[PDB]
Every structure is written in structure tokens, then in C-alpha cells.
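Shown next: input11.cif, given as mmCIF, N, CA and C atoms.
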```cif
data_data
loop_
_atom_site.label_atom_id
_atom_site.label_comp_id
_atom_site.auth_asym_id
_atom_site.auth_seq_id
_atom_site.Cartn_x
_atom_site.Cartn_y
_atom_site.Cartn_z
N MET B 1 4.52 -25.66 5.45
CA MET B 1 4.74 -24.20 5.37
C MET B 1 3.52 -23.43 5.88
N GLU B 2 3.77 -22.37 6.64
CA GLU B 2 2.70 -21.55 7.19
C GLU B 2 2.65 -20.19 6.50
N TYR B 3 1.44 -19.73 6.19
CA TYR B 3 1.26 -18.45 5.52
C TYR B 3 1.01 -17.34 6.54
N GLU B 4 1.89 -16.35 6.57
CA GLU B 4 1.76 -15.23 7.50
C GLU B 4 1.58 -13.92 6.74
N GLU B 5 1.09 -12.90 7.44
CA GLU B 5 0.87 -11.59 6.84
C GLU B 5 1.76 -10.54 7.48
N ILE B 6 2.23 -9.58 6.68
CA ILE B 6 3.09 -8.52 7.19
C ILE B 6 2.68 -7.15 6.66
N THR B 7 2.17 -6.31 7.54
CA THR B 7 1.77 -4.96 7.16
C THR B 7 2.99 -4.06 7.11
N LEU B 8 3.32 -3.56 5.92
CA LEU B 8 4.49 -2.71 5.76
C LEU B 8 4.16 -1.38 5.09
N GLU B 9 4.57 -0.29 5.74
CA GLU B 9 4.34 1.04 5.21
C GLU B 9 5.44 1.44 4.24
N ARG B 10 5.13 1.33 2.95
CA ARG B 10 6.07 1.67 1.89
C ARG B 10 6.68 3.05 2.12
N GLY B 11 7.78 3.07 2.85
CA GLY B 11 8.46 4.31 3.15
C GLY B 11 8.72 5.15 1.91
N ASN B 12 9.27 6.34 2.10
CA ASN B 12 9.56 7.24 0.99
C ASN B 12 10.44 6.55 -0.05
N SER B 13 11.19 5.54 0.38
CA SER B 13 12.07 4.80 -0.52
C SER B 13 11.41 3.52 -1.02
N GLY B 14 10.45 3.01 -0.25
CA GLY B 14 9.77 1.79 -0.63
C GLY B 14 9.39 0.94 0.56
N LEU B 15 9.07 -0.33 0.31
CA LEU B 15 8.70 -1.23 1.39
C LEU B 15 9.88 -1.49 2.32
N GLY B 16 10.95 -2.10 1.81
CA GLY B 16 12.11 -2.33 2.64
C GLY B 16 12.66 -3.75 2.59
N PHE B 17 12.38 -4.49 1.53
CA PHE B 17 12.90 -5.85 1.41
C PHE B 17 12.84 -6.34 -0.04
N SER B 18 13.92 -6.96 -0.48
CA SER B 18 14.02 -7.47 -1.84
C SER B 18 13.60 -8.93 -1.91
N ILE B 19 12.80 -9.25 -2.92
CA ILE B 19 12.33 -10.61 -3.12
C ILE B 19 12.88 -11.21 -4.40
N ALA B 20 13.10 -12.51 -4.35
CA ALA B 20 13.58 -13.25 -5.50
C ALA B 20 12.65 -14.41 -5.79
N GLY B 21 12.08 -14.42 -6.98
CA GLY B 21 11.15 -15.47 -7.34
C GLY B 21 10.02 -14.94 -8.19
N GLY B 22 9.36 -15.83 -8.93
CA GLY B 22 8.27 -15.41 -9.78
C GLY B 22 8.20 -16.21 -11.06
N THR B 23 7.15 -15.99 -11.84
CA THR B 23 6.95 -16.70 -13.09
C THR B 23 8.05 -16.40 -14.12
N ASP B 24 8.84 -15.36 -13.88
CA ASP B 24 9.91 -15.00 -14.81
C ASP B 24 11.29 -15.22 -14.20
N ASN B 25 11.37 -15.16 -12.88
CA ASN B 25 12.63 -15.35 -12.18
C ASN B 25 12.51 -16.48 -11.16
N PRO B 26 12.74 -17.73 -11.60
CA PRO B 26 12.66 -18.89 -10.71
C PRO B 26 13.76 -18.91 -9.66
N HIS B 27 13.73 -17.91 -8.78
CA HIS B 27 14.71 -17.80 -7.70
C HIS B 27 14.84 -19.13 -6.96
N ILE B 28 13.77 -19.91 -6.98
CA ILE B 28 13.75 -21.20 -6.32
C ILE B 28 14.25 -22.30 -7.27
N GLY B 29 13.79 -23.53 -7.08
CA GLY B 29 14.24 -24.64 -7.91
C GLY B 29 13.52 -24.73 -9.25
N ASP B 30 13.48 -23.63 -10.00
CA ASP B 30 12.83 -23.61 -11.30
C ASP B 30 11.32 -23.54 -11.13
N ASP B 31 10.88 -22.70 -10.21
CA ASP B 31 9.46 -22.54 -9.94
C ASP B 31 9.09 -21.06 -9.82
N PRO B 32 7.80 -20.73 -10.02
CA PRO B 32 7.32 -19.35 -9.92
C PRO B 32 7.20 -18.87 -8.48
N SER B 33 7.54 -19.74 -7.53
CA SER B 33 7.46 -19.40 -6.11
C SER B 33 8.24 -18.12 -5.81
N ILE B 34 7.51 -17.09 -5.40
CA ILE B 34 8.11 -15.81 -5.06
C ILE B 34 8.50 -15.78 -3.59
N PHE B 35 9.79 -15.60 -3.30
CA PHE B 35 10.24 -15.55 -1.91
C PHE B 35 11.33 -14.53 -1.74
N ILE B 36 11.34 -13.93 -0.57
CA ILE B 36 12.29 -12.88 -0.27
C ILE B 36 13.72 -13.39 -0.16
N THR B 37 14.65 -12.48 -0.39
CA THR B 37 16.07 -12.79 -0.35
C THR B 37 16.80 -11.97 0.70
N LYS B 38 16.34 -10.74 0.92
CA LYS B 38 16.97 -9.88 1.90
C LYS B 38 16.14 -8.64 2.17
N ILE B 39 16.11 -8.22 3.43
CA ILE B 39 15.39 -7.03 3.82
C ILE B 39 16.40 -5.92 4.06
N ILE B 40 16.13 -4.74 3.52
CA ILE B 40 17.06 -3.63 3.66
C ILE B 40 16.89 -2.88 4.98
N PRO B 41 17.97 -2.80 5.78
CA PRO B 41 17.94 -2.11 7.08
C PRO B 41 17.68 -0.61 6.93
N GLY B 42 16.76 -0.10 7.72
CA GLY B 42 16.43 1.31 7.66
C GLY B 42 15.18 1.58 6.84
N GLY B 43 14.52 0.52 6.40
CA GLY B 43 13.32 0.67 5.61
C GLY B 43 12.08 0.26 6.38
N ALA B 44 10.92 0.37 5.75
CA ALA B 44 9.67 0.01 6.40
C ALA B 44 9.71 -1.43 6.91
N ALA B 45 10.32 -2.31 6.12
CA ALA B 45 10.42 -3.72 6.49
C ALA B 45 11.32 -3.91 7.71
N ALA B 46 12.55 -3.44 7.60
CA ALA B 46 13.51 -3.57 8.69
C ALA B 46 13.10 -2.71 9.89
N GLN B 47 12.41 -1.61 9.62
CA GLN B 47 11.96 -0.71 10.67
C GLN B 47 10.82 -1.35 11.45
N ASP B 48 10.00 -2.12 10.74
CA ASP B 48 8.87 -2.79 11.37
C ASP B 48 9.31 -4.09 12.02
N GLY B 49 9.89 -4.97 11.22
CA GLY B 49 10.36 -6.24 11.74
C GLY B 49 9.26 -7.26 11.85
N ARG B 50 8.38 -7.31 10.84
CA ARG B 50 7.29 -8.26 10.85
C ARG B 50 7.46 -9.29 9.73
N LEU B 51 8.49 -9.10 8.91
CA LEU B 51 8.77 -10.02 7.81
C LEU B 51 10.17 -10.61 7.94
N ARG B 52 10.35 -11.79 7.38
CA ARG B 52 11.63 -12.47 7.42
C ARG B 52 12.04 -12.94 6.03
N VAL B 53 13.30 -12.72 5.68
CA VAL B 53 13.80 -13.12 4.37
C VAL B 53 13.44 -14.57 4.05
N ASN B 54 13.44 -14.87 2.76
CA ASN B 54 13.12 -16.21 2.27
C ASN B 54 11.62 -16.48 2.34
N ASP B 55 10.86 -15.49 2.80
CA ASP B 55 9.42 -15.63 2.89
C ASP B 55 8.83 -15.69 1.49
N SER B 56 8.07 -16.73 1.20
CA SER B 56 7.49 -16.89 -0.13
C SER B 56 6.16 -16.16 -0.25
N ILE B 57 6.22 -15.00 -0.90
CA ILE B 57 5.05 -14.15 -1.12
C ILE B 57 3.88 -14.94 -1.70
N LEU B 58 2.74 -14.87 -1.02
CA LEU B 58 1.53 -15.56 -1.46
C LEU B 58 0.50 -14.55 -1.95
N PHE B 59 0.50 -13.38 -1.31
CA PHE B 59 -0.43 -12.31 -1.66
C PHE B 59 0.20 -10.96 -1.35
N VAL B 60 -0.35 -9.92 -1.96
CA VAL B 60 0.16 -8.57 -1.75
C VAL B 60 -0.96 -7.55 -1.87
N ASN B 61 -1.41 -7.04 -0.72
CA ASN B 61 -2.50 -6.07 -0.69
C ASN B 61 -3.82 -6.75 -1.06
N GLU B 62 -3.90 -7.18 -2.31
CA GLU B 62 -5.08 -7.86 -2.82
C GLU B 62 -4.73 -8.58 -4.12
N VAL B 63 -3.48 -8.99 -4.24
CA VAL B 63 -3.00 -9.68 -5.43
C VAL B 63 -2.46 -11.07 -5.10
N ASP B 64 -2.72 -12.02 -5.99
CA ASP B 64 -2.24 -13.38 -5.81
C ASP B 64 -1.01 -13.62 -6.69
N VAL B 65 0.14 -13.78 -6.05
CA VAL B 65 1.38 -14.00 -6.79
C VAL B 65 1.64 -15.48 -7.04
N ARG B 66 0.58 -16.28 -7.05
CA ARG B 66 0.71 -17.71 -7.29
C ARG B 66 1.14 -17.98 -8.73
N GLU B 67 0.88 -17.02 -9.61
CA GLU B 67 1.24 -17.15 -11.01
C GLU B 67 1.65 -15.80 -11.61
N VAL B 68 2.47 -15.05 -10.87
CA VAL B 68 2.93 -13.75 -11.33
C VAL B 68 4.45 -13.73 -11.49
N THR B 69 4.93 -12.95 -12.45
CA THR B 69 6.36 -12.85 -12.70
C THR B 69 7.06 -12.17 -11.53
N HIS B 70 8.33 -12.51 -11.33
CA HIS B 70 9.12 -11.93 -10.24
C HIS B 70 8.98 -10.41 -10.24
N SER B 71 8.87 -9.84 -11.43
CA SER B 71 8.71 -8.40 -11.56
C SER B 71 7.33 -7.99 -11.10
N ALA B 72 6.35 -8.86 -11.33
CA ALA B 72 4.99 -8.59 -10.89
C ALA B 72 4.94 -8.63 -9.37
N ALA B 73 5.66 -9.58 -8.79
CA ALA B 73 5.73 -9.70 -7.35
C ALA B 73 6.40 -8.47 -6.78
N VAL B 74 7.52 -8.10 -7.40
CA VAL B 74 8.27 -6.93 -6.99
C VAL B 74 7.39 -5.71 -7.11
N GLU B 75 6.78 -5.57 -8.27
CA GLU B 75 5.89 -4.47 -8.53
C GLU B 75 4.76 -4.47 -7.51
N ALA B 76 4.33 -5.68 -7.10
CA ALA B 76 3.25 -5.80 -6.12
C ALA B 76 3.60 -5.02 -4.87
N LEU B 77 4.79 -5.29 -4.34
CA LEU B 77 5.27 -4.61 -3.15
C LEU B 77 5.26 -3.10 -3.39
N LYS B 78 5.59 -2.72 -4.62
CA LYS B 78 5.62 -1.30 -5.02
C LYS B 78 4.21 -0.77 -5.26
N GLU B 79 3.29 -1.66 -5.61
CA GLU B 79 1.91 -1.26 -5.89
C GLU B 79 1.02 -1.46 -4.67
N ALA B 80 1.57 -2.06 -3.64
CA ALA B 80 0.84 -2.30 -2.42
C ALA B 80 0.31 -0.99 -1.83
N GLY B 81 0.88 0.13 -2.27
CA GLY B 81 0.45 1.43 -1.78
C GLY B 81 1.40 1.98 -0.74
N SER B 82 1.02 1.86 0.52
CA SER B 82 1.85 2.32 1.62
C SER B 82 1.98 1.21 2.65
N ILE B 83 1.08 1.19 3.63
CA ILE B 83 1.09 0.16 4.65
C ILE B 83 0.29 -1.04 4.16
N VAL B 84 0.97 -1.92 3.43
CA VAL B 84 0.34 -3.09 2.84
C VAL B 84 0.60 -4.38 3.61
N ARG B 85 -0.44 -5.19 3.74
CA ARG B 85 -0.33 -6.48 4.42
C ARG B 85 0.08 -7.54 3.40
N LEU B 86 1.35 -7.92 3.43
CA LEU B 86 1.87 -8.90 2.49
C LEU B 86 1.80 -10.31 3.07
N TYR B 87 1.41 -11.26 2.22
CA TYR B 87 1.32 -12.65 2.63
C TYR B 87 2.52 -13.42 2.11
N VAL B 88 3.13 -14.22 2.98
CA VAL B 88 4.30 -15.00 2.60
C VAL B 88 4.25 -16.40 3.20
N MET B 89 5.13 -17.28 2.73
CA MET B 89 5.19 -18.65 3.23
C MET B 89 6.37 -18.83 4.18
N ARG B 90 6.23 -19.75 5.13
CA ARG B 90 7.29 -20.01 6.10
C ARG B 90 7.41 -21.51 6.38
N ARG B 91 8.56 -22.08 6.02
CA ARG B 91 8.80 -23.50 6.24
C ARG B 91 9.68 -23.72 7.47
#
```

Encoded form using C-alpha cells:
Amino acid sequence: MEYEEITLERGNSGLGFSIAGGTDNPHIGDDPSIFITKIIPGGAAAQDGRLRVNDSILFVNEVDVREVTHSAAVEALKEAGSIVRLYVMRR
């Protein structure tokens, strides 16, 4: 798996992609691995096109989601500020 970064400007509505995974929501095979599930068209994510669904969030702005709850990961994207460089995994 390769770790990539995606700078996304949290539009007036938000970043632009929903993630599934975390220490509270094992979206994966019963693991805290945070990974995206779908990017919403018309948002900073879909408008930019630098991120791809299923991407396993590794970092967010300056946060390590290696041991954070799915809500923390989600909140991360929301706390990233505006144009945040998100780190994700790619297999």
C-alpha cells in the first residue's frame, strides 16, 4: 500500500467525501483502519479530484488516525480547517 496526500478545501458544505473506518467503526475487517467509502460530487473532494474512495486515512492536517475513532477521523476532515492535505493508503 502507498501513502498519498490530498489537499482539499473544505467547501462551505465540507471537504467532499465520506469515510468509513476507525477505532469505533471497523469499516474494514474489524480494524481501526480508516478508509473512505464515497466522495460526494460537487464538493471540494469531487471538485478537486485528488482523492479516491477506499483510501485509508493515515493523517489529516496534522493528526494521526492510526488509533482514532471513525468519528475522530470524520471530525479530522471537519477539523482540517479548509484546504487540508489528507494522507490516505492505496493498495

Do you know which residues are at most 10 Å from residue 18 (chain B) counting only C-alpha atoms, after dropping those on the same chain fewer than 3 positions away, and could you put them as a ChimeraX atom specification?
/B:15,35-40,45,53-54,74,77

For residue 88 (chain B), please output as a ChimeraX atom specification all residues within 12 Å (counting only C-alpha atoms; exclusion window: fewer than 4 positions along the same chain).
/B:1-7,19,33-36,50-61,64-66,73,77

Going by DSSP on the backbone, which bits of chain B are helix (DSSP H, G or I)? Write them as a ChimeraX atom specification, please.
/B:44-48,65-67,70-79

One decimal, Å: what's the distance from CA of residue 27 (chain B) over to CA of residue 72 (chain B), could you say?
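According to the coordinates, CA of residue 27 (chain B) and CA of residue 72 (chain B) are separated by 13.8 Å.
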
Rounded to one decimal in Å, what is the spacing between CA of residue 81 (chain B) and CA of residue 10 (chain B)?
6.7 Å

Rounded to one decimal in Å, what is the spacing between CA of residue 42 (chain B) and CA of residue 14 (chain B)?
10.6 Å

Nearest to residue 24 (chain B) by atom-to-atom distance, counting only C-alpha atoms, from B:9, B:79, B:62, B:67
B:67

Just asking: which residues within region 5-73 of chain B are strand (DSSP E) according to DSSP, as a ChimeraX atom specification?
/B:5-9,17-20,34-39,56-57,59-60,63-64

So for region 44-53 of chain B, what box centre and size do we get, axis-aligned, 5 Å extra on each of the six sides, every listed atom, Å to one decimal, as lines of an AutoDock Vina configuration file?
```
center_x = 10.5
center_y = -7.1
center_z = 8.0
size_x = 16.5
size_y = 24.9
size_z = 18.0
```

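Remark: residues at most 6 Å from position (-2.2, -5.0, 6.7) in file coordinates are residues 6, 7, 8, 83, 84, 85 and 86 of chain B, using only N, CA and C atoms.
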
Can you spit out the residues from that selection as a compact mmCIF listing (two decimals), in the coordinates of the input, using N, CA and C atoms?
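This went into selection25.txt:
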```txt
# COMPACT_ATOMS: atom_id res chain seq x y z
N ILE B 6 2.23 -9.58 6.68
CA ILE B 6 3.09 -8.52 7.19
C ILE B 6 2.68 -7.15 6.66
N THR B 7 2.17 -6.31 7.54
CA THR B 7 1.77 -4.96 7.16
C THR B 7 2.99 -4.06 7.11
N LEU B 8 3.32 -3.56 5.92
CA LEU B 8 4.49 -2.71 5.76
C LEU B 8 4.16 -1.38 5.09
N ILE B 83 1.08 1.19 3.63
CA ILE B 83 1.09 0.16 4.65
C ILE B 83 0.29 -1.04 4.16
N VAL B 84 0.97 -1.92 3.43
CA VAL B 84 0.34 -3.09 2.84
C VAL B 84 0.60 -4.38 3.61
N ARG B 85 -0.44 -5.19 3.74
CA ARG B 85 -0.33 -6.48 4.42
C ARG B 85 0.08 -7.54 3.40
N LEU B 86 1.35 -7.92 3.43
CA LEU B 86 1.87 -8.90 2.49
C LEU B 86 1.80 -10.31 3.07
```
